[PDB]
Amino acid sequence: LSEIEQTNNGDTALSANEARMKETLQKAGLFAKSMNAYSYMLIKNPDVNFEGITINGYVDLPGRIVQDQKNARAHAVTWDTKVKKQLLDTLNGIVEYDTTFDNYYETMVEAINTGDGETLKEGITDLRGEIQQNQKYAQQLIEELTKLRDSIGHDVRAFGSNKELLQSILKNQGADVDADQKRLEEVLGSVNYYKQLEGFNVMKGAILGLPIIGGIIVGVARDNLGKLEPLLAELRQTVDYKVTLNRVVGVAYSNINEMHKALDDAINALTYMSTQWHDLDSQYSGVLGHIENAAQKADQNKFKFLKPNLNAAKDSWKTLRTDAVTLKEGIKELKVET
C-alpha cells in the first residue's frame, strides 16, 4: 500500500458527492410538487363538452380534443400511482443505505483499530452490494420517467395541433381567446416549481385550487395570490361559452405540456443518482483493493488511513439520509387545497 494510495482521495471515498446529491433531492422535490399540481388540475377540471359549440366544419375536432384530455388524465394517473411511487422507493434506498452504513460503523472502526482485515473486506463488500441495488433503483426511476415522458411527447404534439385549430375556429367566431390564453398562461406560472433555482422550504408553501368561471379550477401558490390578483379578477369576469371552452382546453393542454417539460428536466437532473451509485461502486472496489493491500503490512496501524474516509462517510450519509427522509415526507404531504 503506497503513500499515494493512503491519501483519503476522491476515487476511493466512502462518501457520495454530498453537495450534488442534495441538489438532486431538492430538485426531486420541486419536480414532485409541480407534477402533483398538474395531476390535480387534469383530474379535477371539467370534461370538455362540445354540445352547442360551432366547429365550422371540422367535425372531427371534438372527438380529438376529448381524446386529448383523456390521454392527459391517464398520464397524470401514471404519475400518481406509478412514477411517484418509484421516486419514493429510490429515495427510501438512500435511507436504507445509511441505515446499513450506520449499523456497520462501530464494527468498522473497531476492525480498523484492531487490524481486522477480513471484517473490513466483508463490510465493504456488503455495502458495495447495497450500492449496486441502489444503482438498479435509480436506473428503474430514470426508465419510468423516460417512458412516461416519451409517451406524453406524442400526445402533446397532437394535442397542440388540435388546440391551436380550435383556438382559430373560436377566434374566427369573435371569441377573445388570444388574450385569454395569455392570461391563463400567466396565472398557471406560479406552480412551475420545477423551474425554480436554489433547503426544502419551497415544499411547505400551500397550493390552492381556485375556482374560475366554466367550472375550471386553477392551481396557484397561496403566496402568489396578491401578485396574481389582477389576472384572477379578469378570469372571474363572466365570459362567453366559447372563451370558456377554450380555457378548459387551454388548462388541460398547459398541464400535460408542463408535465412533459418537468419530466424532461427531471431526467437530466435525477440521472445523477445513477451516476453517483455507479461511482460509489467503483470507489468501494478501490477501497477493497487498499484493504487487501494494507492487510499485508505488519504495522498495527495498517488500516488507520481508512479511518478519516470512514468517518467522513458516516456523517455525509447521515446528512443525506436525513434530507432524504425530509423530502419523502414532503412528497407524501403534497396536497392542493380546493
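All residue numbers are counted from 1 along the displayed sequence.
Coordinates are lacking for 1 to 3 deposited residues between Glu198 and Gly199. Per-stretch averaging of Cα B factors for 274-282 and 28-36 places 274-282 on top.
When the mean C-alpha temperature factors of 154-162 and 237-245 are read from the deposited coordinates, 237-245 comes out higher. Note on the listed residues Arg222, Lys147, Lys121, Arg73: the highest Cα temperature factor in the record is that of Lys147.
By the numbers in the PDB entry, the CA B factor is greatest at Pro230 among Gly189, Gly117, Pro230, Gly250. Per the deposited record, the Cα B-factor of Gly209 falls in the middle third when ranked against the other modelled residues of its chain. The deposited CA B-factor of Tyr193 belongs to the lowest third of values across its chain. Among all modelled residues in its chain, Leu88 ranks in the middle third by Cα B-factor. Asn309: CA B factor lies in the lowest third for its chain, per the PDB record. Among the modelled residues of its chain, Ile216 has a C-alpha B-factor that falls in the highest third, as given in the PDB entry.
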